[PDB]
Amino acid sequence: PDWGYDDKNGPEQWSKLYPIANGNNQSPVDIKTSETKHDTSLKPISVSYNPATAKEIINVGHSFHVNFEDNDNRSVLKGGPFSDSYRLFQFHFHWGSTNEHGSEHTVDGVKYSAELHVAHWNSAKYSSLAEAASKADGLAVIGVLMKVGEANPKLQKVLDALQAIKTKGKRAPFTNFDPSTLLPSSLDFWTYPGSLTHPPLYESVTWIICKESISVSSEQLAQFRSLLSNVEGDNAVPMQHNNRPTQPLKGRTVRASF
């Protein structure tokens, strides 16, 4: 593709092909907790996912995705800031080249070692992801900051699957999996209107950022960085990082549920 995370094709240069990279609703952001506004109309987040909607795991060159069947409302996110039901379609991670950084969102300047994104589309209003993806109210993404520490057992099925999708474009069945098992036990959150965090960078996402982190070990992070961005039979090029820097808030308000 014309974009990636290298020096030449990376975030700093994305605006050349994708001008919205310099938009007013870009993500991720730094959440400054002294500038959050507690909002009492925010309802609790409700997730209800059916593990039979898990579909496939794919290496996309810059990351890997776990996609879900989204033909119906078997797996849905509701509550929080939403009046609409949002249908689960994918989860994935971001990571950095070492443990020091790797999250996309930061909290009061603090960088975590990775970040989980659980992505949903507005099926009350739209008929497909493709329709929803560019609408201001189209997408809802839960982000969970991942703090290097104890190995997290709940990552296991994901990590065990990586050996079948080592290189760009490989894909395999990934079934019977409920990604609510990856979320932290408190679902207290921050929410703000923003964007996809890589091209096409659409400003279509209501972000739900969990206040509590989940763990990951330094060895489970290495399993992500050992995926390869090349296709089979080319020079091996590890996927060292895929996090975008934080972007200017431009007057947006981050709301706290707590």
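In case it trips you up, residue 1 is the first one in the sequence shown, and so on.
- Relative to its counterpart among 138-146 and 94-102, 94-102 has the higher mean temperature factor, C-alpha atoms as listed in the PDB entry.
- The mean Cα B-factor in the deposited entry runs higher for 33-41 than for the other of 33-41 and 216-224.
- Which of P184, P81, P179, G169 has the largest Cα B-factor in the deposited entry comes down to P81.
- Note on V47, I208, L196, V66: the highest value goes to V47, judged by CA B factor as recorded.
- In the PDB entry, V158 places in the lowest third of its chain by CA B-factor.
- For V118, the recorded CA temperature factor ranks within the lowest third of the chain's modelled residues.
- In the deposited entry, the Cα temperature factor of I165 sits in the bottom third of values across the chain's modelled residues.
- Looking at the C-alpha B-factors along this chain, the one for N9 belongs to the highest third.
- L88 sits in the lowest third of its chain by CA B factor, as recorded in the PDB entry.
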